[PDB]
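Report on the structure given below.
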Amino acid sequence: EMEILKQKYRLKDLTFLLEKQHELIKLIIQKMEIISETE
Amino acid sequence: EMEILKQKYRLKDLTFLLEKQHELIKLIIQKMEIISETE
Amino acid sequence: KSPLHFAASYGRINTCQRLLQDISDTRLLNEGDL
């Protein structure tokens, strides 16, 4: 029961790292050069 | 008890892959062209 | 049209200001996609 609990702590920051990354991914789209894809 | 332990090993590299990715995500922001978003 | 549906769906704020300098234009402002 100690083993699963540190995995939950190892998972809770893991998704927390991802949410910081996913917000950062939107910043590439927020500021990028798109002149070839006029569409 | 063997099943959870290999999942911890399968999780430990998984976050390790993400931290290498998250540092790489910052490099897009570190070197990118932003001339349309003068703001 | 489709540029505005693209740019507004992603927060590209500067092109959103650029397309909306057309005054008295509202038909493309509230048009819908598929």
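Just so you know, all these numbers are worked out from the coordinates, no wet-lab data involved. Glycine gets a Cβ as well: all are built from the backbone with ideal geometry, and neighbour counts include every protein chain shown.
Among all residue pairs at least 6 apart or on different chains, which show Cβ distances below 7 Å where the first residue, located in the range A:13-37, is facing chain B (nearest Cβ under 7 Å) and over 18 Å from B:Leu18 (Cα atoms) and the second is surrounded by fewer than 11 Cβ atoms within 10 Å (Cβ to Cβ) and small (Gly, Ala, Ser)?
none
Which of the residues belonging to the range A:15-29 are within 13 Å of C:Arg12 (Cα to Cα) and in contact with a helix residue (DSSP H, G or I) (Cβ under 8 Å, 6 or more places away or on another chain)?
A:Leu27, A:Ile28
Scan the range C:1-28 residue by residue and report those that are assigned to a loop (DSSP other than H, G, I, E, B) and touching a residue at least 24 places away in the same chain (Cβ under 8 Å).
First pass over the range C:1-28, keeping only residues assigned to a loop (DSSP other than H, G, I, E, B): C:1, C:9-12, C:20-28.
Hits for the range C:1-28 are C:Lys1, C:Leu28.
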